[PDB]
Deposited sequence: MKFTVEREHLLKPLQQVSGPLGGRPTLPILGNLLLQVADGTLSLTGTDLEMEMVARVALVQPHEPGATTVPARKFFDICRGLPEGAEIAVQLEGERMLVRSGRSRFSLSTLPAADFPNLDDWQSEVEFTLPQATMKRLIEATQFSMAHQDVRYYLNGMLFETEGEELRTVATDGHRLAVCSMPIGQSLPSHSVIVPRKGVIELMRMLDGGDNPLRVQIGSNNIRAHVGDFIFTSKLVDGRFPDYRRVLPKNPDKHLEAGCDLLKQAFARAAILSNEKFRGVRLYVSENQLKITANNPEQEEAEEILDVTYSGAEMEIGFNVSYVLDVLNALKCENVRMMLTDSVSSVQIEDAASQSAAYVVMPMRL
């Protein structure tokens, strides 16, 4: 195995695949392509780098971070000549020379084979929107494993992401212009993080394939495959207020800063704040075990009946931070029902937060 490749053509692929043999990258020269693979047994990332310079076929496994560090550590425009010799991988560039340990390619684990059942193409920017709109609402380490992940749902010509932790929910829907079957899968959060990281911001489309226990996304020269999660994901339709008689509108940043200040004097553990809505007015209050108090009064557009309702303020703040927009619409029922929060100018995403008593 021998190849010579420019630093900049190696860095991005290396970064993508890098994030005992599990600590190594499988390298393969075959058919004029170098392929770099990393895996944690649950998911797998593959990068394909065309080899334009002379090269010899073969496969090995090298420590992931050390090899990435060497290449990144090399000067801008460095040519990185690499060859297997005995039990070692030699890496050379200018007068920099490195000899890395290896493990047999034979020992590198392969994920089981599977069959694609649902497929679709979408702009990269669409997948970026879908994930960034919802990611933060995933549970962290809930004993309900299906909540530590993101629902990816197809319906009609829309792909939809949903995330909830049982107290708050995010949902986002985007048209992709293809006749899709009705279907749902749960991608574990680690897969979601990786899928988000492979989106370079370029105009290269993404290709999604969904199996019965797997999901695969192809963009450019990268192929990411992850296992899915078991269990019954909740239905976001149940969660959206069936009918809202109470509509609030306010600037996102004003609301954010008011809530952020009130957060200061909220209970450290429970984070509770009270909301008082009345004719064109929102009042936010907070207090902690030390009987310290915060009060915020804001001009809003609000026409319904007066009501008071409590929240975990970090749940509200997460929502407003995730809305990168001028105006926020809030839709209410009563003091003990969930609230729906949206961008005033766009219904693409909706955020639902259950109150505190």
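- Residues of the deposited sequence lacking C-alpha coordinates, numbered from 1, fall in the stretches 20 to 27, 366.
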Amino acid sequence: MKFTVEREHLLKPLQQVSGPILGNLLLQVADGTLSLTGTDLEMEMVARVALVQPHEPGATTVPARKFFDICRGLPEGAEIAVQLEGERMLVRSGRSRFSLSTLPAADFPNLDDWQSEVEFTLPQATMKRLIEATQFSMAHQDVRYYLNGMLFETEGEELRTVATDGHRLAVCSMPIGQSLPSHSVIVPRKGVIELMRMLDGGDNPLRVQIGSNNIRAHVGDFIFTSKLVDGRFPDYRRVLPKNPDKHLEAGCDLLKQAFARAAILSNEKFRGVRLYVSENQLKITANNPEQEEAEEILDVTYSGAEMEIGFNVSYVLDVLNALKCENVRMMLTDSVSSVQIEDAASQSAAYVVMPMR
From here on, numbers count along this sequence of modelled residues.
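By rigid core we mean the largest C-alpha set that fits within 1.5 Å across both forms.
- Superposition on the core shows that, in 8 other deposited structures of this protein, the C-alpha atoms drift more in one of 266 to 274 and 151 to 159; this is 266 to 274.
- Structural divergence in 8 other deposited structures of this protein between 239 to 247 and 140 to 148: following superposition by the core, 239 to 247 has C-alpha atoms lying farther from the shown form.
- Looking at mean Cα B-factors across 120 to 128 and 160 to 168, the upper value is held by 120 to 128.
- As the entry records it, the average C-alpha temperature factor is higher for 103 to 111, out of 103 to 111 and 253 to 261.
- As recorded in the entry, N204 carries the highest CA temperature factor of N204, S266, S96, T134.
- Annotation for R72, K283, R92, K246: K246 ranks highest, by Cα B-factor.
- Placement of the Cα temperature factor of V336 within the chain: lowest third of the modelled residues, per the deposited record.
- The entry lists a Cα temperature factor for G38 that places it in the middle third of the chain's modelled residues.
- Annotation for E76: C-alpha temperature factor in the middle third relative to the rest of the modelled chain, per the entry.
- The deposited CA B-factor of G304 belongs to the highest third of values across its chain.
- Among the modelled residues of its chain, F222 has a C-alpha B-factor that falls in the highest third, as given in the PDB entry.
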